[PDB]
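Consider the single chain below, provided in structure tokens and representing the form deposited in one PDB entry.
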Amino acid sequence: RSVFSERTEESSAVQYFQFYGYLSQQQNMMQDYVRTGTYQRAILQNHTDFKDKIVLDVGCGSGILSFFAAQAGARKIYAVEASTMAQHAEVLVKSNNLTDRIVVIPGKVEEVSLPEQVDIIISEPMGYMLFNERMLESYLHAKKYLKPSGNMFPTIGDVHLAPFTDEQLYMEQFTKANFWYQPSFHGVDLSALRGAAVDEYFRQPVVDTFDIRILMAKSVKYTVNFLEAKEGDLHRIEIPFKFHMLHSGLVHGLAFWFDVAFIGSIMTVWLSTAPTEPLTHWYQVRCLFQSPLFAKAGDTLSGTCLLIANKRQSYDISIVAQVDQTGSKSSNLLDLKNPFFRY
């Protein structure tokens, strides 16, 4: 009867936590130097926000963030982890002689019991498009243990949206669906499913990186303040947008990336996944329109990106975009849980 079990299908949760039980996946994340190094810089440069403080690390995995908090002088760190990785974290705590300061609490943060309130919560809950995996809600849920005067690292999150043009990517996905147009595949007529196939392929967010010159307008920003937001705020996320087109051409979809800010007492440290910044394991995310929209420089592209949380720990993405001057409209549905990894 936990909020996690009430919002998550068991099949999804089992697969999710088996995935994060593998050391190879921990290694993959740790070897993202931009992520790991920016987190260490955020915590150590703001060491006075940790010195002799009580810390909660939500989803500690291998424990790396808890060790950073220990390096910064934290009095006690409660490292919560639901996967079997919790046992490997304990091994590292002992072999690094930090048993007196890092306490691994196995289980889900929505289901464990902590012995005290904490001064600061640290976590790495960002997925693709920031919101995938629905771990932000576990991060916000954990604020029940946070002191009124407490802080959170990261403190805020910016989602950036921008229209792009990429005929090669659009053609690439259409070529895959063209298989289901065949009138005689080994003598079988498949064309009747051509519609279902296009929908399925264009339902896939494309995870990869791209040249910034494909972006056709200054990005739009949607900000989530983790200190202020509540869990329920992430069940439905409505992001309006109005782009002033800087170039003429076809808009094949919207590109997404995110920044998070660790707003400490000493300085604010940013971790960015923008295409102008060094690449991370989050790359960037692009959602294609089933049909591209034409716009000239000076036109306006308006609409809404609506994310609806589902019980598979992801979101159903509804994107409606409209060229204001012409009424040229594009509606699209995307399944954020199952992206197409193009890199």
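The numbering used is simple: start at 1 and walk along the sequence shown. We call the rigid core whatever largest set of C-alpha positions still superposes within 1.5 Å between the two forms. Shifts are known only where both forms have a C-alpha.
Absent from the display: the form deposited in another entry. The rest refers to it.
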Item to complete: After superposing the two forms on their rigid core, pick out the one entry in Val103, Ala229, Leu193, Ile239 with a CA shift of 2 Å or more between the shown form and the other one.
Response: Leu193
Worksheet entry | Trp270 C-alpha relocation of at least 2 Å between the shown form and the other one, rigid core basis | no
Discussion item. With both forms fitted on the core, check whether the Cα of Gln71 differs by 2 Å or more between the shown form and the other one.
Written reply: no
Discussion item. On a rigid core superposition, would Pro115 pass a 2 Å threshold for CA movement between the shown form and the other one?
Written reply: no
Worksheet item: Which stretches of at least three consecutive residues shift by 2 Å or more at every Cα between the shown form and the other one, once the core is superposed?
Response: 179-196
